[PDB]
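Chemist: turn this into a model:
(one chain, ligands or ions: 3)
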Amino acid sequence: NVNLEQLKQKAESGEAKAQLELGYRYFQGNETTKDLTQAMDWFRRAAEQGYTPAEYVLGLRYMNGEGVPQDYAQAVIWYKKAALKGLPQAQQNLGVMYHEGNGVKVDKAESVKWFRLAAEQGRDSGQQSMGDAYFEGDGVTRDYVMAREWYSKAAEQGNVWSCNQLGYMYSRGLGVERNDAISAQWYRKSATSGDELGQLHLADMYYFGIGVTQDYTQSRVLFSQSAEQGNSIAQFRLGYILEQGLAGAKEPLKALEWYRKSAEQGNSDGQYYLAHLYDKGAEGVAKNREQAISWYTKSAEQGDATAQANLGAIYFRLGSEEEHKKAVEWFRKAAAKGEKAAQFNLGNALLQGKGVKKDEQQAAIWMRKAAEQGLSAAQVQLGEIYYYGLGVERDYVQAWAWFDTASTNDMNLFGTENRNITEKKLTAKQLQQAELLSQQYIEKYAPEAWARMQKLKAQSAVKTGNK
Ligand SMILES: [Cl-]
Ligand SMILES: [Cl-]
Ligand SMILES: [Mg+2]
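Modeler: Residues are numbered from 1 along each chain as shown. Ligands and ions are numbered 1, 2, ... in the order given. The coordinates are given below.
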């Protein structure tokens with residue numbers, strides 16, 4: 001428009017708009033050397049005339065301590081001048097000051113008054129603030145319906161936080177009936193904007209086919225975008241996609257790197273998967289006991305029951321007497337959380353008196369818990385517990401039933417052989433009873449096998465009436 005000298009002439013003539021603009025020339029330092037003293041002087045001259053935008057600007061300068069000592073209380077006074085005259089940005093900032101108790105005592109109801117005025121003028125930050133207020137019940141009574149309405153207005157204008165909130169609410173059924181498809185649409189808007197959490201959530205939805213068609217390639221790309229921004233969950237989820245070759249060839253070395261990124265942030269899942277790669281190895285990844293133990297221990301300490309079970313198992317396979325005791329303590333923690341492998345491992349520890357005093361009655365209890373969760377190895381051991389009467393009264397019918405369950409479950413060879421051996425011990429009626437019992441156990445405690453069997457079983461025909 002006009003240069004500095006021409007602008008100066010207008011400002012000195014008393015034009016408030018020119019005074020504010022001149023202030024900004026000094027503030028920004030583009031056409032003239034940055035000079036906060038001169039910037040403030042001209043900002044103040046414009047505000048002297050009650051020029052609303054300049055009053056708002058002094059609010060910013062006092063709020064931020066730019067060219068003046070930071071002073072929230074004074075910022076509030078300036079914002080209120082401009083807010084009372086309807087300037088949306090001043091209303092929003094004043095609302096924030098009240099919400100935070102910056103320069104004024106916290107007043108959540110008052111914050112909502114100001115957010116509402118800014119929101120009614122269509123500012124997306126105000127609309128978001130109203131959404132958050134109704135979502136939190138902060139200065140207003142909680143109302144997820146109202147929250148959704150305000151978030152929608154903000155999200156339509158590109159407000160990313162509001163997109164994520166809508167994604168969340170539609171996923172959880174807050175103020176609206178759960179709809180995974182609509183949830184995914186909102187998270188997609190977020191993800192396309194470059195948002196780490198929108199990418200994370202949409203990736204997870206493509207992984208499991210929630211609200212969208214299952215698609216590991218889309219999942220990989222979205223997890224990658226979120227992981228590159230540092231998200232520890234996205235990092236291990238991407239790692240798993242890569243290790244398992246779900247969207248490409250298996251890439252175990254690349255998986256390792258992503259698991260390590262996750263693990264180093266303290267993510268117990270990342271720590272688990274990193275440890276698991278060192279535990280089991282993969283193509284190009286050597287087994288490493290020390291690393292497996294170290295990373296399982298961090299994961300286990302964070303309550304990961306899979307890590308607890310696997311750490312104990314490493315110690316049981318190869319460990320000192322103290323390591324066996326530690327293993328039992330880990331199995332105990334994981335068994336308490338319901339991890340079937342830990343219940344099984346604890347059961348066997350108690351049968352042997354390995355790392356713990358031998359206790360066959362307690363062994364049978366843990367073994368049954370594991371067997372009921374479908375672990376065929378536990379079904380075999382529980383069968384032998386009944387066969388030999390270890391912490392239970394000997395019962396060949398129960399033995400046969402658990403062995404047949406294990407055999408049918410996942411073609412456990414020891415189940416099959418033990419069943420065949422036990423059968424000779426049974427009368428014809430005991431065998432009938434054991435077969436019925438195994439049918440019950442298979443349906444309840446090997447349900448995947450039950451379903452497979454039911455779909456394949458020979459069925460009888462029915463004769464239709466004729467003539
Ligand atoms: Cl703006
Ligand atoms: Cl695993
Ligand atoms: Mg709040």
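Chemist: longest helix of this protein, counting residues only.
Modeler: helix 428-445 (DSSP state H).
Chemist: which other helices and strands contact that one?
Modeler: The contact analysis (3 or more CB pairs under 8 Å, 6 or more residues apart in numbering; DSSP states H and E) places helix 428-445 against helix 360-372, helix 396-410, helix 447-456. Every C-beta, even on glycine, is put in place using the N, C-alpha and C of the backbone.
Chemist: okay, buried residues for the longest one please.
Modeler: By 16 or more other CB atoms under 10 Å, the buried positions in helix 396-410 come out as 396-409.
Chemist: over to the first one?
Modeler: Of the residues in helix 360-372, those buried by neighbour count under the rule 16+ other CB under 10 Å are 360, 362, 363, 364, 365, 366, 367, 368, 369, 370, 371, 372.
Chemist: please identify the helix or strand for the residue lying closest to the third one once chain neighbours are set aside.
Modeler: Once its chain neighbours are removed from consideration, residue 363 has its nearest residue in residue 350; the separation is 3.7 Å (CB to CB, 6 or more residues apart in numbering). Counting by DSSP states H and E, the element that carries residue 350 is helix 340-352.
Chemist: got the angle for that helix vs helix 360-372?
Modeler: Using axes from the mean of the first three to the mean of the last three CA atoms, to 10 degrees, one finds that helix 340-352 and helix 360-372 are set 160 degrees apart in direction.
Chemist: what's helix 340-352 packed up against?
Modeler: helix 305-317, helix 321-336, helix 360-372, helix 376-388.
Chemist: ok, so what distance separates the closest residue to residue 274 other than its chain neighbours from residue 291?
Modeler: Distances taken as CB to CB, 6+ apart place residue 259 nearest to residue 274, at 3.9 Å, with adjacent residues excluded. Distance of residue 259 to residue 291, computed by CB to CB, to the nearest Å: 11 Å.
Chemist: what residues are shared contacts of those two?
Modeler: residue 274 (CB atoms under 8 Å, 6 or more residues apart in numbering).
Chemist: residues in contact with the residue of the chain found nearest ligand 3?
Modeler: Here the chain gets closest to ligand 3 at one residue, residue 138, 3.5 Å apart by CB to the ion. Shown in contact with residue 138 (CB under 8 Å, 6+ apart): 99, 108, 111, 112, 132.
Chemist: reduced to three states, what does it come out as?
Modeler: coil (DSSP: H, G, I helix; E, B strand; the rest coil).
Chemist: quick one: which of residue 259 and residue 291 has more around it?
Modeler: residue 259 (30 against 15; other CB atoms under 10 Å).
Chemist: for the residue nearest the centre of the chain, what are its contacts?
Modeler: The chain has residue 233 as the residue nearest its centroid, 6.8 Å off, counting by CA atoms, centre = their mean. Counting by CB under 8 Å, 6+ apart, residue 233 touches 200, 226, 262, 267, 269.
Chemist: could you rerun that using 7 Å?
Modeler: 200, 267 (CB atoms under 7 Å, 6 or more residues apart in numbering).
Chemist: confirm that it lies within a helix, as I assumed.
Modeler: Yes. Assessed with three-state DSSP, residue 233 lies in a helix.
Chemist: circling back: C-alpha coordinates for the helix or strand hosting the residue nearest to residue 274, PDB please?
Modeler: Using DSSP H and E, the element containing residue 259 is helix 252-263. Extracted in PDB, the C-alpha atoms of helix 252-263 (Å, rounded to 0.1, in the frame of the first residue of the first chain):
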ATOM      1  CA  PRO A 252      12.400 -58.300  10.800                       C
ATOM      2  CA  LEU A 253      15.500 -56.000  10.900                       C
ATOM      3  CA  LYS A 254      13.300 -53.000  10.200                       C
ATOM      4  CA  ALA A 255      10.800 -54.300  12.800                       C
ATOM      5  CA  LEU A 256      13.500 -54.500  15.400                       C
ATOM      6  CA  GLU A 257      14.400 -50.800  14.800                       C
ATOM      7  CA  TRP A 258      10.800 -49.700  15.300                       C
ATOM      8  CA  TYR A 259      10.300 -51.800  18.300                       C
ATOM      9  CA  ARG A 260      13.400 -50.300  19.800                       C
ATOM     10  CA  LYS A 261      12.100 -46.700  19.100                       C
ATOM     11  CA  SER A 262       8.900 -47.700  21.000                       C
ATOM     12  CA  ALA A 263      10.700 -49.500  23.800                       C
END
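Chemist: residues in this protein within reach of ligand 3, list them.
Modeler: Selection of the chain residues close to ligand 3 by CB under 5 Å from the ion yields 136, 138.
Chemist: quick one on the thing from earlier: among the contacts of residue 138, which pair sits farthest apart?
Modeler: 108 and 132 (11.2 Å; CB to CB).
Chemist: in terms of neighbours, single out the busier of these two.
Modeler: A count of neighbours by other CB under 10 Å puts residue 132 above the other of residue 108 and residue 132, at 20 against 15.
Chemist: how about the host helix or strand of the more buried one: buried residues?
Modeler: Per DSSP H and E: residue 132 is located in helix 124-136. With burial defined by 16+ other CB under 10 Å, the residues of helix 124-136 counted as buried are 124, 125, 126, 127, 128, 129, 130, 131, 132, 133, 134, 135.
Chemist: now, which of the residues you listed sits nearest residue 339?
Modeler: residue 135 (35.9 Å).
Chemist: nearest spatial neighbour of residue 171, skipping sequence neighbours?
Modeler: Using CB to CB, 6+ apart, the nearest residue to residue 171 is residue 183, at 4.1 Å.
Chemist: pretty sure that neighbour sits against residue 211.
Modeler: Yes. Using CB atoms under 7 Å, residue 183 makes contact with residue 211 at a distance of 5.4 Å.
Chemist: chain center to stretch 70-77: distance?
Modeler: Put simply, stretch 70-77 sits 39 Å off its chain's centre (CA atoms, centre = their mean, to the nearest Å).
Chemist: oh, I was asking about stretch 442-458
Modeler: Worked out by CA atoms, centre = their mean, stretch 442-458 lies 34 Å from the chain centre.
Chemist: check stretch 331-344 too.
Modeler: On CA atoms, centre = their mean, the centre of stretch 331-344 falls 23 Å from that of its chain.
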